[PDB]
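One structure is given below, encoded as structure tokens.
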Amino acid sequence: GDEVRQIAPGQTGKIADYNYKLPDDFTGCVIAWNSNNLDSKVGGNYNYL
Amino acid sequence: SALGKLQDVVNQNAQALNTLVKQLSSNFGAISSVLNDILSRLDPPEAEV
Amino acid sequence: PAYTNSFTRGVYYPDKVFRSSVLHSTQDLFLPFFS
Amino acid sequence: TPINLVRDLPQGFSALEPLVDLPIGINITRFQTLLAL
Amino acid sequence: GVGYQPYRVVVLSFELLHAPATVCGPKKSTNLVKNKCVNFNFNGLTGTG
Amino acid sequence: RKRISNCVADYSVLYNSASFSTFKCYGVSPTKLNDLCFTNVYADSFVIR
Ligand SMILES: *[C@@H]1O[C@H](CO)[C@@H](O)[C@H](O)[C@H]1NC(C)=O
């Protein structure tokens with residue numbers, strides 16, 4: 001969810017700090033789409049460390 | 001007052017320098033006029049603006 | 001209400017900062033001269 | 001100040017050192033004073 | 001909903017004033033050097049001189 | 001409106017903790033909080049949805 005919007009040029013966040021930092025010159029595009037039918041397993045999927 | 005012309009040149013130059021230095025204390029719309037304060041308070045993404 | 005003139009009274013330091021041999025204006029809440 | 005007067009405030013300069021910055025966190029609209037009685 | 005649930009908010013108001021610094025962070029104090037160019041950081045006036 | 005007297009304000013554990021939905025800051029940055037030396041801090045608290 002919101003972590004999808006947490007990645008962007010010049011953004012501070014837990015994703016930015018340690019997981020996935022985008023540079024502040026990002027000449028690209030971020031394509032995000034809900035994936036409840038692809039990788040969302042019932043009871044919570046423990047593959048998202 | 002005989003040497004008004006010579007003194008005027010000195011006064012004009014000193015006055016111009018003083019205004020130049022006084023301009024260093026202006027904000028220009030920034031949060032602070034001290035460059036160190038901006039650097040020590042904000043991350044690069046928000047310090048550049 | 002009796003009245004009087006305050007000649008050169010109620011002058012304080014608007015800023016806690018020190019400085020020497022400077023004639024600088026300060027926009028601050030002061031007591032008017034001769035008020 | 002170390003004044004020595006006859007009557008009324010004198011003529012002359014005198015600064016005012018900052019004594020304390022009281023953290024009140026209130027508003028103020030009307031004030032009074034206190035005296036020795 | 002997420003937009004209508006109890007959201008506790010505490011807003012911390014600061015001020016970058018030359019007034020004496022009373023609230024500061026956990027940084028160890030070093031020794032006083034003099035007669036030498038150094039990066040001096042006493043309370044907030046970080047700088048070189 | 002509770003303010004803070006003289007102390008050593010350790011802001012370090014305020015964003016490095018998964019207990020805050022939003023940590024938006026203006027005029028200051030989370031990682032830079034620990035290095036600041038404020039004259040005072042106001043802790044104003046209210047609740048919104
Ligand atoms: C201060 O707050 C009180 C409480 O309502 C109010 O009556 C008064 O008018 C306020 N004064 C100012 C100057 O806002």
- Would region E:35-45 turn up any residue that is farther than 17 Å from D:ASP21 by Cβ, outside any loop (DSSP other than H, G, I, E, B), free of Cβ contacts under 8 Å to residues at least 40 places away in the same chain and within 7 Å of another protein chain (Cβ to nearest Cβ)? no
- Mind checking whether some residue in region F:15-26 is among the hydrophobic types (A, V, I, L, M, F, W, C), farther than 26 Å from D:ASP21 by Cα, exposed (fewer than 12 other Cβ atoms within 10 Å of the Cβ) and at the interface with chain E (Cβ under 9 Å from one of its Cβ atoms)? no
- Tell me, please, whether a residue that is more than 7 Å from chain F (Cβ to nearest Cβ) and charged (D, E, K, R) can be found in region E:6-16. no
- Message: Just to be sure I understand, how many residues within region F:4-14 are farther than 17 Å from E:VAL9 by Cβ and either more than 7 Å from every other protein chain (Cβ to nearest Cβ) or assigned to a strand (DSSP E or B) (or both)?
- Response: 5
- Are any of the residues in region F:27-47 more than 8 Å from chain E (Cβ to nearest Cβ), part of a loop (DSSP other than H, G, I, E, B), surrounded by fewer than 16 Cβ atoms within 10 Å (Cβ to Cβ) and in contact with a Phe, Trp or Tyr (Cβ under 6 Å, 6 or more places away or on another chain)? no
- Message: Within region D:1-15, take every residue that is more than 12 Å from every other protein chain (Cβ to nearest Cβ) and of a type in the set (A, V, I, L, M, F, W, C) and give me the one that is farthest from the ligand (Cβ to nearest atom).
- Response: D:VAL6
- Message: Take residues that are within 14 Å of chain A (Cβ to nearest Cβ) and among the polar types (S, T, N, Q) and tell me which of the helices (runs of 4 or more DSSP H) falling wholly in chain B contain 1 or more.
- Response: none
- Message: Quick check on my filter: what residues within region E:23-34 are surrounded by 13 or more Cβ atoms within 10 Å (Cβ to Cβ) and either of a type outside the set (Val, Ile, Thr) or assigned to a loop (DSSP other than H, G, I, E, B) (or both)?
- Response: E:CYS24, E:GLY25
- Message: Need pairs with beta-carbon distance below 9 Å; first residue away from chain C (no Cβ under 14 Å) and within region D:16-36, second within 16 Å of the ligand (Cβ to nearest atom) and in a loop (DSSP other than H, G, I, E, B); sequence gap 6+ or separate chains.
- Response: D:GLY25/F:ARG1
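Read-outs: derived from the displayed coordinates by stated rules, not from any lab. Positions of Cβ are generated from backbone atoms using ideal geometry, with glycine treated the same way; all protein chains shown enter the neighbour counts.
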